[PDB]
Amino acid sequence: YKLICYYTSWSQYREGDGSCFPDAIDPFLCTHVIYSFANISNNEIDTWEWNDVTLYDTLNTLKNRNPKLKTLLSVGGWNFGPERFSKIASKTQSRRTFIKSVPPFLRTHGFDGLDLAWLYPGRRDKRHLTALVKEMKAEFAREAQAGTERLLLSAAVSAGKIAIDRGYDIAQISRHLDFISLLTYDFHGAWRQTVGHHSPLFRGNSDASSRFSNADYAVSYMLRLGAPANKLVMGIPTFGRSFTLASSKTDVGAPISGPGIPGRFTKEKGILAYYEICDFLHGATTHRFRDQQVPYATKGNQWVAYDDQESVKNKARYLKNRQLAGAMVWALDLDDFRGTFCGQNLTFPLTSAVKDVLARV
């Protein structure tokens, strides 16, 4: 089983204990660690943070301790304009230029592969995404002729049915990618004023519309569209989403005035790291949707949808029963990496839990 774990560049800037460098990563925890995110300048892959070259090296030294550990560099991300990707992929001239610049870059910094994070291609992009993947793989296969281990090629893909139909040719790209990560944790919709869980495992025996907004349907749909199970990776969030309540109503369907207040270390409205959530739990009321099998907590006017060891183990078992390639975690720096916030002195509580399930048959 594969355990794909993302590490984010900007987490180094968080104050105090929040700060996280490749350094803190347990080499034997994951099978793959993906660095986020690489950028594109003059149609060529390039670094993002001033010190990426230093962090790249730090990250890849972990391979001295665990010889089997594989690393990948991810291109794109949310702060990377979708249009920018769209523009590079439409012109065969800029696409070939970008493709050619990747292998040497990855080779120089010691990466085993490339992860595509185009978020997201629109209806007019589907064709071009296919060409990018096909050509990128062809270039990787060609470079392997030089007597070196072929670079890996993966992609982070939306888990929303509409988003999938609109910009992805799943049957086509599945045959060229090494693995596919399903972003099964952006299910609730940042668009409207209502309390709801962003990473429901199951549909919910109790609310008709939007049965497509849960991991179970996303996986079933990808398998139906032709993505082989042995290439699908289910994404598991290590963060939580917050909301500020517009009323004293805490139960499902409760009015929302906006995003929850920022966390001490995370400093971003609407989200909280799991270690920030562990501190939040004190004096908070804990609830759990029986149908979706995911928890949520409330304190004052703050409502938080998140994942704990049990909901995460739950998702892992589901992943196994459907015989998928494995799990993907977003992200290592949002889990209790120091292991000093969430009671149990255990390091990476959430990611370890996923690993326990994957290691037992």
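Numbers for residues come from their place in the sequence shown, where the first is 1. By rigid core we mean the largest C-alpha set that fits within 1.5 Å across both forms.
Of 201-209 and 229-237, the stretch whose C-alpha atoms sit farther from the shown form in 8 other deposited structures of this protein, after fitting on the rigid core, is 201-209. Legend: mean Cα B-factor per stretch from the PDB entry, 46-54 versus 303-311; the higher mean is in 46-54. In this entry, the higher average B-factor at the C-alpha atoms falls on 35-43, of the pair 35-43 and 325-333. Sorting 269, 150, 161, 224 by the CA temperature factor given in the entry leaves 269 at the top.
Per the deposited record, 78 carries the highest C-alpha B-factor of all listed residues (185, 168, 78, 140).
Placement of the Cα temperature factor of residue 195 within the chain: highest third of the modelled residues, per the deposited record.
Residue 349: CA B factor in the lowest third of modelled residues in this chain (values from the PDB entry). In the PDB entry, a CA B factor belonging to the middle third of its chain's modelled residues is recorded for residue 11. In the deposited entry, the Cα temperature factor of residue 121 sits in the middle third of values across the chain's modelled residues. Residue 85 sits in the highest third of its chain by CA B factor, as recorded in the PDB entry.
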